[PDB]
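Single-structure report; data block below.
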Amino acid sequence: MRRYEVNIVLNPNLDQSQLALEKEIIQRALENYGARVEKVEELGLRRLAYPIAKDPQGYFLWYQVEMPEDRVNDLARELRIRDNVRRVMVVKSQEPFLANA
Amino acid sequence: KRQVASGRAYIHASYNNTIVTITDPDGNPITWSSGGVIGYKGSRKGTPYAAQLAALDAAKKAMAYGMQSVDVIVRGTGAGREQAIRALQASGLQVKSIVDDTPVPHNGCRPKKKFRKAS
Amino acid sequence: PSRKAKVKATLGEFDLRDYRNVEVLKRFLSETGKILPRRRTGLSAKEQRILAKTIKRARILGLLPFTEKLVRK
Amino acid sequence: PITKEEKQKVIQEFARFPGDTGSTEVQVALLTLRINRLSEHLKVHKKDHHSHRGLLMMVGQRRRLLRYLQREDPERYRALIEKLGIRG
RNA sequence: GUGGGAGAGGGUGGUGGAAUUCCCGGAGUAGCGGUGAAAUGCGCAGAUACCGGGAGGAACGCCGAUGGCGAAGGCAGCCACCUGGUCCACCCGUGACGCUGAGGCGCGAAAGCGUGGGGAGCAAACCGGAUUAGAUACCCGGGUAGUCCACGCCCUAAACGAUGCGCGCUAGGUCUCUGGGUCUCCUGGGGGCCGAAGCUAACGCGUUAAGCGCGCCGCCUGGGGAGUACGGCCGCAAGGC
Ligand SMILES: [K+]
Ligand SMILES: [Mg+2]
Ligand SMILES: [Mg+2]
Ligand SMILES: [Mg+2]
Ligand SMILES: [Mg+2]
Ligand SMILES: [Mg+2]
Ligand SMILES: [Mg+2]
Ligand SMILES: [Mg+2]
Ligand SMILES: [Mg+2]
Ligand SMILES: [Mg+2]
Ligand SMILES: [Mg+2]
Ligand SMILES: [Mg+2]
Ligand SMILES: [Mg+2]
Ligand SMILES: [Mg+2]
Ligand SMILES: [Mg+2]
Ligand SMILES: [Mg+2]
Ligand SMILES: [Mg+2]
Ligand SMILES: [Mg+2]
Ligand SMILES: [Mg+2]
């Protein structure tokens, strides 16, 4: 397996029932594609730069994971199925690189 | 007949002409003008002077609709784009801000043979 | 031609590889969206080359601006 | 690709004696590994010519080391071939 | 072999925003467009300019360079996956396994051919408008193949560094990309510039040789007739060798 970071930008206009729904769906999909989670950061509502799906805000989540690279791409696809998921950027994680250090 | 009084003025400046549009705060136009609106016919429509008279015509018509203070948006590069903003500042309309919105692609489309050595 | 100081010279010890951090990266952009040149960013060839990709990532994620509008023209 | 313990596992299989990472045997084996991987990747991706070049090269290196081996020790060559299931 | 590295090297799938075109909707009215100046053209069936929504194709601003990678053609949004080449350090392993290379085989810009797709912008041909003594042409408005994709052909070029590949030797200076280091600097590998010696008809080249050598391949032998004729071979043809 290899170590990635899944990025989810969601629809801020969700209340708790529906946020619960999307979370359940996502983490059940990560479970199904064999991605062991490590750290997760929920950054929540943030003011975008340019509007994504007519909306000025976005709901930010960051999941550091590890998984079967041959399947990574498909995971991405499943994660994009929902209407309420506005952006998915999965990047292959790598170590920090510095300046003014 | 709307009595707007707070608005936008989009100056669009080509090489072959100039034209102004004065719109409501939401983007819906109210009045407009251009080098052809005022007298000019041929190339002449893209002069600085044409630009002046144009801009001023629009602003006049706006103050007829009841307009007082406007924000400027400027699209394009042509002689007397700046003169258009000039007649707009000398208009008697209070100009809240000038802003340049001139659109450029991020290398999108093939241009005409005149415009080539770009993409 | 882009003459004052070196965006890096005033900044902490900061990840050039973090697409998620706007407030640092913002300082590497212009009045317009445009990614800043070396003259301003004052980085290394390789540093700049990183900041590029991490910016564009940030953009696609919807954090940094893709383009902007010039004020007071 | 070939990960580290894969490659190693191939060397510790083909090593003429402990610590030999370099012998002609280990080279032909390691090559042969990379080659088979490559042509597998080239079963699909028929359109990828640039990797094919590398393959032509890898292969040439293999045949080169073999012509050395058989010039040298026919016994060990023949054995190395029979053990690799190659040529043909 | 081990351990580090940089990279528009390649192939596949996905995805992003800017712009153009087009359609829908709001508002708005008399022109817009285009040129040296014009006209063809579009516009009261409401155009251009302005806002909002949709669709689709193609390319990828800033970063971007005098940069990088690639054997060459050539390669530029971002992401993942598949994969090639390459550099450095360590001095670990094999033990001359090397170099070149007529045939062969493979790749090979663009245009072009075949069969299906696709088609926004641009556009040979073409349709018009102008300009001139005439205008075919340049300039303007339209526009078809094509440009895009898949699979298969075609094999050309200012396919250029107009400079075959490999190795060894022969002052330096400066700029730079990328490794290692006792990190002003030194060392390796790329990209430029100026110059020893030397070379060169000159221009110029000069540790990225066009210098001093050796190995091997390709090629040259006045100009036109000519990349023509005849013959062969390849090609669906075009045409190529
Ligand atoms: K013939
Ligand atoms: Mg690449
Ligand atoms: Mg008419
Ligand atoms: Mg269409
Ligand atoms: Mg540039
Ligand atoms: Mg690689
Ligand atoms: Mg040793
Ligand atoms: Mg020995
Ligand atoms: Mg070709
Ligand atoms: Mg073609
Ligand atoms: Mg065709
Ligand atoms: Mg056209
Ligand atoms: Mg034309
Ligand atoms: Mg050098
Ligand atoms: Mg150097
Ligand atoms: Mg010189
Ligand atoms: Mg001399
Ligand atoms: Mg003769
Ligand atoms: Mg010929």
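How things are named: the first chain in the structure tokens is A, the next is B, and so on; residues count from 1 in each chain; ligands count from 1 in the order shown.
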
For this session: Select from chain B everything DSSP, run on the backbone, classes as strand (DSSP E or B), then give the selection as a count of residues only.
Result: 34

For this session: Write out as a PyMOL selection string every residue belonging to chain B that has an atom at most 7 Å from any atom of chain C, counting only C-alpha atoms.
Result: chain B and resi 97-101

Go ahead and write the residues just picked, N, CA, C and O atoms, as a PDB file, in the first residue's frame.
ATOM      1  N   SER B  97     -15.242  53.747  -8.045  1.00  0.00           N
ATOM      2  CA  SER B  97     -13.944  53.123  -8.363  1.00  0.00           C
ATOM      3  C   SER B  97     -13.786  52.757  -9.846  1.00  0.00           C
ATOM      4  O   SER B  97     -14.745  52.377 -10.517  1.00  0.00           O
ATOM      5  N   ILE B  98     -12.566  52.850 -10.353  1.00  0.00           N
ATOM      6  CA  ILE B  98     -12.281  52.309 -11.674  1.00  0.00           C
ATOM      7  C   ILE B  98     -11.651  50.928 -11.519  1.00  0.00           C
ATOM      8  O   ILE B  98     -10.786  50.729 -10.682  1.00  0.00           O
ATOM      9  N   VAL B  99     -12.081  49.972 -12.328  1.00  0.00           N
ATOM     10  CA  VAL B  99     -11.547  48.615 -12.254  1.00  0.00           C
ATOM     11  C   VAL B  99     -11.340  48.068 -13.663  1.00  0.00           C
ATOM     12  O   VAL B  99     -12.219  48.227 -14.512  1.00  0.00           O
ATOM     13  N   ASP B 100     -10.203  47.428 -13.933  1.00  0.00           N
ATOM     14  CA  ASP B 100     -10.002  46.855 -15.264  1.00  0.00           C
ATOM     15  C   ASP B 100     -10.277  45.350 -15.294  1.00  0.00           C
ATOM     16  O   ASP B 100      -9.550  44.569 -14.697  1.00  0.00           O
ATOM     17  N   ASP B 101     -11.354  44.965 -15.963  1.00  0.00           N
ATOM     18  CA  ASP B 101     -11.746  43.567 -16.082  1.00  0.00           C
ATOM     19  C   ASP B 101     -11.347  42.868 -17.377  1.00  0.00           C
ATOM     20  O   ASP B 101     -11.849  41.786 -17.653  1.00  0.00           O
TER      21      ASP B 101
END

Within 6 Å of region 50-56 of chain C using only C-alpha atoms (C1' of nucleotides), minus same-chain residues under 5 positions, as a PDB file with C-alpha atoms (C1' of nucleotides), in the first residue's frame:
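part39.pdb, written as the output of this step:
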ATOM      1  CA  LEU C  16       6.466  25.162   0.276  1.00  0.00           C
ATOM      2  CA  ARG C  17       4.658  21.904  -0.185  1.00  0.00           C
ATOM      3  CA  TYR C  19      -1.438  23.394  -0.748  1.00  0.00           C
TER       4      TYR C  19
ATOM      5  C1'   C E  63       4.839  30.251 -13.065  1.00  0.00           C
TER       6        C E  63
END

As an mmCIF file with N, CA, C and O atoms, in the first residue's frame, please: every residue in region 6-95 of chain A that DSSP puts in helix (DSSP H, G or I).
data_model
loop_
_atom_site.group_PDB
_atom_site.id
_atom_site.type_symbol
_atom_site.label_atom_id
_atom_site.label_comp_id
_atom_site.auth_asym_id
_atom_site.auth_seq_id
_atom_site.Cartn_x
_atom_site.Cartn_y
_atom_site.Cartn_z
ATOM 1 N N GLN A 16 -26.923 18.672 10.236
ATOM 2 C CA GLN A 16 -26.245 17.537 10.827
ATOM 3 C C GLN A 16 -26.647 16.189 10.240
ATOM 4 O O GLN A 16 -25.784 15.369 9.978
ATOM 5 N N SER A 17 -27.938 15.973 10.009
ATOM 6 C CA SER A 17 -28.427 14.706 9.458
ATOM 7 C C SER A 17 -27.718 14.341 8.160
ATOM 8 O O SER A 17 -27.257 13.202 7.972
ATOM 9 N N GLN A 18 -27.619 15.335 7.282
ATOM 10 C CA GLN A 18 -27.054 15.164 5.947
ATOM 11 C C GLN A 18 -25.521 15.143 5.914
ATOM 12 O O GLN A 18 -24.915 14.491 5.051
ATOM 13 N N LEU A 19 -24.906 15.860 6.851
ATOM 14 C CA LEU A 19 -23.457 15.816 7.031
ATOM 15 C C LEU A 19 -23.029 14.442 7.544
ATOM 16 O O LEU A 19 -22.023 13.878 7.112
ATOM 17 N N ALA A 20 -23.813 13.927 8.485
ATOM 18 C CA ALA A 20 -23.682 12.564 8.981
ATOM 19 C C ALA A 20 -23.787 11.597 7.831
ATOM 20 O O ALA A 20 -22.977 10.679 7.728
ATOM 21 N N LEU A 21 -24.797 11.796 6.982
ATOM 22 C CA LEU A 21 -24.984 10.947 5.800
ATOM 23 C C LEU A 21 -23.755 10.917 4.887
ATOM 24 O O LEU A 21 -23.276 9.839 4.510
ATOM 25 N N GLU A 22 -23.241 12.094 4.534
ATOM 26 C CA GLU A 22 -22.088 12.150 3.630
ATOM 27 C C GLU A 22 -20.835 11.551 4.262
ATOM 28 O O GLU A 22 -20.086 10.845 3.595
ATOM 29 N N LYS A 23 -20.620 11.826 5.547
ATOM 30 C CA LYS A 23 -19.502 11.231 6.283
ATOM 31 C C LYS A 23 -19.572 9.706 6.311
ATOM 32 O O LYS A 23 -18.597 9.023 6.007
ATOM 33 N N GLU A 24 -20.725 9.182 6.703
ATOM 34 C CA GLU A 24 -20.973 7.750 6.687
ATOM 35 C C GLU A 24 -20.614 7.167 5.327
ATOM 36 O O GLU A 24 -19.834 6.222 5.244
ATOM 37 N N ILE A 25 -21.169 7.757 4.268
ATOM 38 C CA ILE A 25 -20.938 7.278 2.901
ATOM 39 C C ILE A 25 -19.451 7.279 2.521
ATOM 40 O O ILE A 25 -18.925 6.296 1.982
ATOM 41 N N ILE A 26 -18.776 8.379 2.820
ATOM 42 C CA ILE A 26 -17.367 8.498 2.509
ATOM 43 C C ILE A 26 -16.555 7.443 3.254
ATOM 44 O O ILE A 26 -15.875 6.633 2.640
ATOM 45 N N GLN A 27 -16.660 7.419 4.573
ATOM 46 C CA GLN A 27 -15.825 6.517 5.355
ATOM 47 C C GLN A 27 -16.151 5.042 5.098
ATOM 48 O O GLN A 27 -15.275 4.174 5.223
ATOM 49 N N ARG A 28 -17.396 4.774 4.702
ATOM 50 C CA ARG A 28 -17.792 3.433 4.266
ATOM 51 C C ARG A 28 -17.158 3.107 2.909
ATOM 52 O O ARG A 28 -16.829 1.950 2.624
ATOM 53 N N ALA A 29 -16.957 4.125 2.079
ATOM 54 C CA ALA A 29 -16.278 3.913 0.802
ATOM 55 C C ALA A 29 -14.769 3.686 0.978
ATOM 56 O O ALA A 29 -14.186 2.823 0.314
ATOM 57 N N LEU A 30 -14.152 4.456 1.873
ATOM 58 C CA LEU A 30 -12.751 4.263 2.242
ATOM 59 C C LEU A 30 -12.526 2.877 2.831
ATOM 60 O O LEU A 30 -11.508 2.235 2.561
ATOM 61 N N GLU A 31 -13.471 2.431 3.657
ATOM 62 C CA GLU A 31 -13.433 1.074 4.197
ATOM 63 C C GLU A 31 -13.528 0.037 3.078
ATOM 64 O O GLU A 31 -12.832 -0.981 3.104
ATOM 65 N N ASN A 32 -14.392 0.305 2.098
ATOM 66 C CA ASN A 32 -14.643 -0.646 1.014
ATOM 67 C C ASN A 32 -13.511 -0.788 0.000
ATOM 68 O O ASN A 32 -13.313 -1.862 -0.567
ATOM 69 N N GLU A 69 -2.656 1.212 -4.027
ATOM 70 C CA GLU A 69 -2.482 2.179 -5.099
ATOM 71 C C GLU A 69 -3.186 1.801 -6.393
ATOM 72 O O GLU A 69 -3.803 2.646 -7.035
ATOM 73 N N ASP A 70 -3.128 0.533 -6.766
ATOM 74 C CA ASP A 70 -3.853 0.078 -7.942
ATOM 75 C C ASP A 70 -5.349 0.417 -7.890
ATOM 76 O O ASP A 70 -5.985 0.551 -8.931
ATOM 77 N N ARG A 71 -5.911 0.532 -6.687
ATOM 78 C CA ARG A 71 -7.312 0.942 -6.537
ATOM 79 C C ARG A 71 -7.582 2.436 -6.284
ATOM 80 O O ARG A 71 -8.734 2.858 -6.374
ATOM 81 N N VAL A 72 -6.541 3.233 -6.018
ATOM 82 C CA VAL A 72 -6.733 4.647 -5.624
ATOM 83 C C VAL A 72 -7.707 5.361 -6.540
ATOM 84 O O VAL A 72 -8.696 5.947 -6.078
ATOM 85 N N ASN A 73 -7.450 5.259 -7.841
ATOM 86 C CA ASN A 73 -8.238 5.991 -8.805
ATOM 87 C C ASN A 73 -9.706 5.687 -8.656
ATOM 88 O O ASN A 73 -10.527 6.601 -8.561
ATOM 89 N N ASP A 74 -10.039 4.409 -8.562
ATOM 90 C CA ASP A 74 -11.445 4.054 -8.434
ATOM 91 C C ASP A 74 -12.098 4.674 -7.196
ATOM 92 O O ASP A 74 -13.214 5.193 -7.280
ATOM 93 N N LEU A 75 -11.381 4.654 -6.072
ATOM 94 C CA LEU A 75 -11.877 5.248 -4.844
ATOM 95 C C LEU A 75 -12.312 6.656 -5.170
ATOM 96 O O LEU A 75 -13.443 7.039 -4.868
ATOM 97 N N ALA A 76 -11.430 7.393 -5.845
ATOM 98 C CA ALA A 76 -11.717 8.773 -6.227
ATOM 99 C C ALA A 76 -13.064 8.835 -6.913
ATOM 100 O O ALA A 76 -13.947 9.561 -6.453
ATOM 101 N N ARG A 77 -13.232 8.020 -7.957
ATOM 102 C CA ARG A 77 -14.481 7.954 -8.698
ATOM 103 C C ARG A 77 -15.707 7.794 -7.796
ATOM 104 O O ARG A 77 -16.674 8.552 -7.926
ATOM 105 N N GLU A 78 -15.664 6.845 -6.864
ATOM 106 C CA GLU A 78 -16.825 6.591 -5.998
ATOM 107 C C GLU A 78 -17.137 7.816 -5.154
ATOM 108 O O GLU A 78 -18.296 8.226 -4.992
ATOM 109 N N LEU A 79 -16.067 8.415 -4.656
ATOM 110 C CA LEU A 79 -16.163 9.588 -3.826
ATOM 111 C C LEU A 79 -16.822 10.759 -4.544
ATOM 112 O O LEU A 79 -17.348 11.665 -3.900
#

Please, which residues in chain C fall within 6 Å of chain E when counting only C-alpha atoms (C1' of nucleotides), and what is the closest atom pair and distance in Å to one decimal for each, ordered by chain then residue number, as a Markdown table?
| residue | atom | partner | partner_atom | distance |
| --- | --- | --- | --- | --- |
| C:34 | CA | E:62 | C1' | 4.2 |
| C:35 | CA | E:62 | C1' | 4.9 |
| C:52 | CA | E:63 | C1' | 5.7 |
| C:60 | CA | E:16 | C1' | 5.8 |

For this session: For ligand 12, collect every residue having any atom at a distance of at most 12 Å from a ligand atom (counting only C-alpha atoms (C1' of nucleotides) and all ligand atoms); output as a list in words.
Result: residues 110, 111, 112, 113 and 114 of chain B; 21, 41, 121, 122, 123, 140, 141, 142 and 143 of chain E

Selection export as a PDB file, in the first residue's frame, atoms kept: N, CA, C and O atoms (P, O5', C5', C4', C3', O3' and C1' of nucleotides):
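Writing the result to result12.pdb gives the following:
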ATOM      1  N   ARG B 110      -7.745  29.433 -31.254  1.00  0.00           N
ATOM      2  CA  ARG B 110      -6.836  29.938 -32.255  1.00  0.00           C
ATOM      3  C   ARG B 110      -7.326  31.273 -32.672  1.00  0.00           C
ATOM      4  O   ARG B 110      -8.515  31.454 -32.882  1.00  0.00           O
ATOM      5  N   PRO B 111      -6.421  32.233 -32.769  1.00  0.00           N
ATOM      6  CA  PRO B 111      -6.849  33.544 -33.244  1.00  0.00           C
ATOM      7  C   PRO B 111      -6.811  33.662 -34.781  1.00  0.00           C
ATOM      8  O   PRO B 111      -6.307  32.767 -35.479  1.00  0.00           O
ATOM      9  N   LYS B 112      -7.312  34.776 -35.305  1.00  0.00           N
ATOM     10  CA  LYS B 112      -7.285  34.973 -36.743  1.00  0.00           C
ATOM     11  C   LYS B 112      -5.854  35.230 -37.168  1.00  0.00           C
ATOM     12  O   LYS B 112      -5.040  35.625 -36.346  1.00  0.00           O
ATOM     13  N   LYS B 113      -5.561  35.037 -38.450  1.00  0.00           N
ATOM     14  CA  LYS B 113      -4.221  35.244 -38.993  1.00  0.00           C
ATOM     15  C   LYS B 113      -3.640  36.613 -38.610  1.00  0.00           C
ATOM     16  O   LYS B 113      -2.412  36.802 -38.532  1.00  0.00           O
ATOM     17  N   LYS B 114      -4.517  37.576 -38.362  1.00  0.00           N
ATOM     18  CA  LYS B 114      -4.055  38.907 -37.985  1.00  0.00           C
ATOM     19  C   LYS B 114      -3.514  38.887 -36.577  1.00  0.00           C
ATOM     20  O   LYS B 114      -2.640  39.665 -36.222  1.00  0.00           O
TER      21      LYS B 114
ATOM     22  P     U E  21     -17.781  35.188 -29.200  1.00  0.00           P
ATOM     23  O5'   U E  21     -18.387  33.846 -29.809  1.00  0.00           O
ATOM     24  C5'   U E  21     -18.082  33.456 -31.143  1.00  0.00           C
ATOM     25  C4'   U E  21     -18.592  32.070 -31.486  1.00  0.00           C
ATOM     26  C3'   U E  21     -20.076  31.785 -31.277  1.00  0.00           C
ATOM     27  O3'   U E  21     -20.908  32.294 -32.314  1.00  0.00           O
ATOM     28  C1'   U E  21     -18.807  30.001 -30.416  1.00  0.00           C
ATOM     29  P     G E  41     -24.347  41.674 -48.054  1.00  0.00           P
ATOM     30  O5'   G E  41     -23.718  41.199 -46.677  1.00  0.00           O
ATOM     31  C5'   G E  41     -23.215  39.883 -46.546  1.00  0.00           C
ATOM     32  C4'   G E  41     -22.656  39.651 -45.177  1.00  0.00           C
ATOM     33  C3'   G E  41     -23.669  39.760 -44.071  1.00  0.00           C
ATOM     34  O3'   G E  41     -24.377  38.567 -43.912  1.00  0.00           O
ATOM     35  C1'   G E  41     -21.758  41.002 -43.500  1.00  0.00           C
ATOM     36  P     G E 121     -17.063  28.777 -33.817  1.00  0.00           P
ATOM     37  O5'   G E 121     -15.522  29.130 -33.658  1.00  0.00           O
ATOM     38  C5'   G E 121     -15.116  30.317 -33.009  1.00  0.00           C
ATOM     39  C4'   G E 121     -13.632  30.331 -32.804  1.00  0.00           C
ATOM     40  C3'   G E 121     -12.810  30.397 -34.083  1.00  0.00           C
ATOM     41  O3'   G E 121     -12.599  31.723 -34.533  1.00  0.00           O
ATOM     42  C1'   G E 121     -12.064  28.603 -32.797  1.00  0.00           C
ATOM     43  P     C E 122     -12.849  32.138 -36.067  1.00  0.00           P
ATOM     44  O5'   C E 122     -11.489  31.748 -36.758  1.00  0.00           O
ATOM     45  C5'   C E 122     -10.287  31.874 -36.037  1.00  0.00           C
ATOM     46  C4'   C E 122      -9.291  30.863 -36.514  1.00  0.00           C
ATOM     47  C3'   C E 122      -9.080  30.820 -38.008  1.00  0.00           C
ATOM     48  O3'   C E 122      -8.264  31.879 -38.461  1.00  0.00           O
ATOM     49  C1'   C E 122      -9.198  28.623 -37.127  1.00  0.00           C
ATOM     50  P     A E 123      -8.378  32.319 -39.988  1.00  0.00           P
ATOM     51  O5'   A E 123      -7.618  31.113 -40.708  1.00  0.00           O
ATOM     52  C5'   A E 123      -7.684  30.869 -42.100  1.00  0.00           C
ATOM     53  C4'   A E 123      -7.658  29.389 -42.353  1.00  0.00           C
ATOM     54  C3'   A E 123      -8.284  28.918 -43.647  1.00  0.00           C
ATOM     55  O3'   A E 123      -7.384  28.987 -44.715  1.00  0.00           O
ATOM     56  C1'   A E 123      -9.111  27.636 -41.879  1.00  0.00           C
ATOM     57  P     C E 140      -7.396  41.259 -42.950  1.00  0.00           P
ATOM     58  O5'   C E 140      -8.811  41.722 -43.474  1.00  0.00           O
ATOM     59  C5'   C E 140      -9.419  42.856 -42.885  1.00  0.00           C
ATOM     60  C4'   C E 140     -10.878  42.988 -43.236  1.00  0.00           C
ATOM     61  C3'   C E 140     -11.729  41.749 -43.044  1.00  0.00           C
ATOM     62  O3'   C E 140     -12.206  41.631 -41.732  1.00  0.00           O
ATOM     63  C1'   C E 140     -12.153  42.681 -45.159  1.00  0.00           C
ATOM     64  P     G E 141     -12.536  40.180 -41.181  1.00  0.00           P
ATOM     65  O5'   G E 141     -13.904  39.865 -41.902  1.00  0.00           O
ATOM     66  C5'   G E 141     -15.025  40.674 -41.652  1.00  0.00           C
ATOM     67  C4'   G E 141     -16.196  40.207 -42.461  1.00  0.00           C
ATOM     68  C3'   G E 141     -16.573  38.748 -42.322  1.00  0.00           C
ATOM     69  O3'   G E 141     -17.302  38.477 -41.154  1.00  0.00           O
ATOM     70  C1'   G E 141     -16.612  39.353 -44.583  1.00  0.00           C
ATOM     71  P     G E 142     -17.249  37.001 -40.545  1.00  0.00           P
ATOM     72  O5'   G E 142     -17.444  36.076 -41.826  1.00  0.00           O
ATOM     73  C5'   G E 142     -17.974  34.766 -41.706  1.00  0.00           C
ATOM     74  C4'   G E 142     -18.756  34.366 -42.928  1.00  0.00           C
ATOM     75  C3'   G E 142     -18.672  32.894 -43.284  1.00  0.00           C
ATOM     76  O3'   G E 142     -19.610  32.119 -42.570  1.00  0.00           O
ATOM     77  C1'   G E 142     -18.218  34.184 -45.199  1.00  0.00           C
ATOM     78  P     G E 143     -19.082  31.003 -41.561  1.00  0.00           P
ATOM     79  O5'   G E 143     -18.609  29.820 -42.514  1.00  0.00           O
ATOM     80  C5'   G E 143     -19.455  29.351 -43.547  1.00  0.00           C
ATOM     81  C4'   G E 143     -18.676  28.676 -44.653  1.00  0.00           C
ATOM     82  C3'   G E 143     -17.754  27.534 -44.247  1.00  0.00           C
ATOM     83  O3'   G E 143     -18.483  26.326 -44.209  1.00  0.00           O
ATOM     84  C1'   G E 143     -16.618  29.024 -45.712  1.00  0.00           C
TER      85        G E 143
END

Exercise. Counting only C-alpha atoms (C1' of nucleotides), which residues from chain E have an atom at most 6 Å from any atom of chain D, and could you show them as a ChimeraX atom specification?
Worked result: /E:1,10-11,84,93-94,97

So that I have them on file, write out the residues from the current selection with N, CA, C and O atoms (P, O5', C5', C4', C3', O3' and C1' of nucleotides), as a PDB file, in the first residue's frame.
ATOM      1  P     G E   1      21.270  -3.227 -10.099  1.00  0.00           P
ATOM      2  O5'   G E   1      21.717  -3.499  -8.585  1.00  0.00           O
ATOM      3  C5'   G E   1      21.756  -4.810  -8.027  1.00  0.00           C
ATOM      4  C4'   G E   1      22.457  -4.797  -6.696  1.00  0.00           C
ATOM      5  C3'   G E   1      21.958  -3.737  -5.741  1.00  0.00           C
ATOM      6  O3'   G E   1      20.833  -4.175  -5.017  1.00  0.00           O
ATOM      7  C1'   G E   1      24.323  -3.659  -5.846  1.00  0.00           C
ATOM      8  P     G E  10       6.442  13.321 -22.961  1.00  0.00           P
ATOM      9  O5'   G E  10       6.252  11.745 -23.061  1.00  0.00           O
ATOM     10  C5'   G E  10       6.469  11.085 -24.300  1.00  0.00           C
ATOM     11  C4'   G E  10       6.259   9.598 -24.186  1.00  0.00           C
ATOM     12  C3'   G E  10       4.835   9.110 -23.972  1.00  0.00           C
ATOM     13  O3'   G E  10       4.114   9.023 -25.181  1.00  0.00           O
ATOM     14  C1'   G E  10       6.286   8.009 -22.478  1.00  0.00           C
ATOM     15  P     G E  11       2.603   9.547 -25.279  1.00  0.00           P
ATOM     16  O5'   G E  11       1.738   8.356 -24.661  1.00  0.00           O
ATOM     17  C5'   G E  11       1.812   7.050 -25.213  1.00  0.00           C
ATOM     18  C4'   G E  11       1.164   6.018 -24.322  1.00  0.00           C
ATOM     19  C3'   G E  11      -0.210   6.341 -23.755  1.00  0.00           C
ATOM     20  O3'   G E  11      -1.266   6.156 -24.682  1.00  0.00           O
ATOM     21  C1'   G E  11       1.138   5.486 -22.044  1.00  0.00           C
ATOM     22  P     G E  84      10.639   0.559 -16.365  1.00  0.00           P
ATOM     23  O5'   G E  84      11.447   1.383 -17.458  1.00  0.00           O
ATOM     24  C5'   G E  84      11.278   1.089 -18.829  1.00  0.00           C
ATOM     25  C4'   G E  84      11.763   2.201 -19.727  1.00  0.00           C
ATOM     26  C3'   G E  84      13.072   2.843 -19.361  1.00  0.00           C
ATOM     27  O3'   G E  84      14.178   2.025 -19.646  1.00  0.00           O
ATOM     28  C1'   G E  84      11.545   4.516 -20.043  1.00  0.00           C
ATOM     29  P     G E  93      33.848  -6.084  -3.339  1.00  0.00           P
ATOM     30  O5'   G E  93      33.022  -7.132  -4.209  1.00  0.00           O
ATOM     31  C5'   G E  93      32.051  -7.967  -3.598  1.00  0.00           C
ATOM     32  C4'   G E  93      30.952  -8.346  -4.559  1.00  0.00           C
ATOM     33  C3'   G E  93      31.392  -8.873  -5.919  1.00  0.00           C
ATOM     34  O3'   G E  93      31.808 -10.236  -5.889  1.00  0.00           O
ATOM     35  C1'   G E  93      29.704  -7.255  -6.231  1.00  0.00           C
ATOM     36  P     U E  94      33.070 -10.740  -6.756  1.00  0.00           P
ATOM     37  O5'   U E  94      32.543 -10.667  -8.258  1.00  0.00           O
ATOM     38  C5'   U E  94      31.621 -11.631  -8.736  1.00  0.00           C
ATOM     39  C4'   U E  94      31.196 -11.353 -10.155  1.00  0.00           C
ATOM     40  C3'   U E  94      32.251 -11.479 -11.234  1.00  0.00           C
ATOM     41  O3'   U E  94      32.480 -12.814 -11.596  1.00  0.00           O
ATOM     42  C1'   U E  94      30.937  -9.564 -11.615  1.00  0.00           C
ATOM     43  P     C E  97      35.867  -9.715 -23.722  1.00  0.00           P
ATOM     44  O5'   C E  97      34.408  -9.762 -23.126  1.00  0.00           O
ATOM     45  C5'   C E  97      33.506  -8.725 -23.439  1.00  0.00           C
ATOM     46  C4'   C E  97      32.211  -8.961 -22.742  1.00  0.00           C
ATOM     47  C3'   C E  97      31.333  -7.736 -22.536  1.00  0.00           C
ATOM     48  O3'   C E  97      30.506  -7.497 -23.653  1.00  0.00           O
ATOM     49  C1'   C E  97      31.506  -8.999 -20.529  1.00  0.00           C
TER      50        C E  97
END

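For ligand 18, the set of protein, DNA and RNA residues within 9 Å, based on only C-alpha atoms (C1' of nucleotides) and all ligand atoms, reads residues 222, 223, 224 and 225 of chain E.
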
Problem set entry | Neighbourhood of ligand 11 at 9 Å, counting only C-alpha atoms (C1' of nucleotides) and all ligand atoms, reported as a ChimeraX atom specification | /E:112-115,146

Check which residues of chain A sit at most 6 Å from chain C using only C-alpha atoms, and return one row each with the closest pair of atoms and their distance in Å to one decimal, ordered by chain and rising number, as a tab-separated table.
residue	atom	partner	partner_atom	distance
A:48	CA	C:63	CA	5.5
A:49	CA	C:65	CA	4.9
A:96	CA	C:17	CA	5.9
A:97	CA	C:15	CA	5.6
A:98	CA	C:15	CA	4.9
A:99	CA	C:13	CA	5.7
A:100	CA	C:13	CA	4.9
A:101	CA	C:13	CA	4.8

For this session: Using only C-alpha atoms (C1' of nucleotides), find the residues of chain B whose closest atom to chain E is at most 7 Å away, then write them as a ChimeraX atom specification.
Result: /B:19,21,23,26-31,36,104-112

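You will find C1' of residue 3 (chain E) at 21.2 Å from CA of residue 3 (chain A).
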
For this session: For ligand 3, list the contacting residues at 12 Å or closer, counting only C-alpha atoms (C1' of nucleotides) and all ligand atoms, as a PyMOL selection string.
Result: chain E and resi 31+40-44+47

Exercise. Which polymer residues have any atom within 8 Å of an atom of residue 6 (chain C), counting only C-alpha atoms (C1' of nucleotides), with same-chain residues fewer than 4 positions away left out, as number ranges by chain?
Worked result: C: 10, 39-42

Just to be explicit: take each residue in the selection above, keep C-alpha atoms, and write the result as a CSV table (one decimal), in the first residue's frame.
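Writing done, so here's selection-v5.csv:
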chain,number,residue,atom,x,y,z
C,10,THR,CA,9.6,38.3,5.2
C,39,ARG,CA,11.9,38.9,-9.0
C,40,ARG,CA,9.2,39.1,-6.4
C,41,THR,CA,9.0,35.6,-4.8
C,42,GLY,CA,12.8,35.7,-4.5
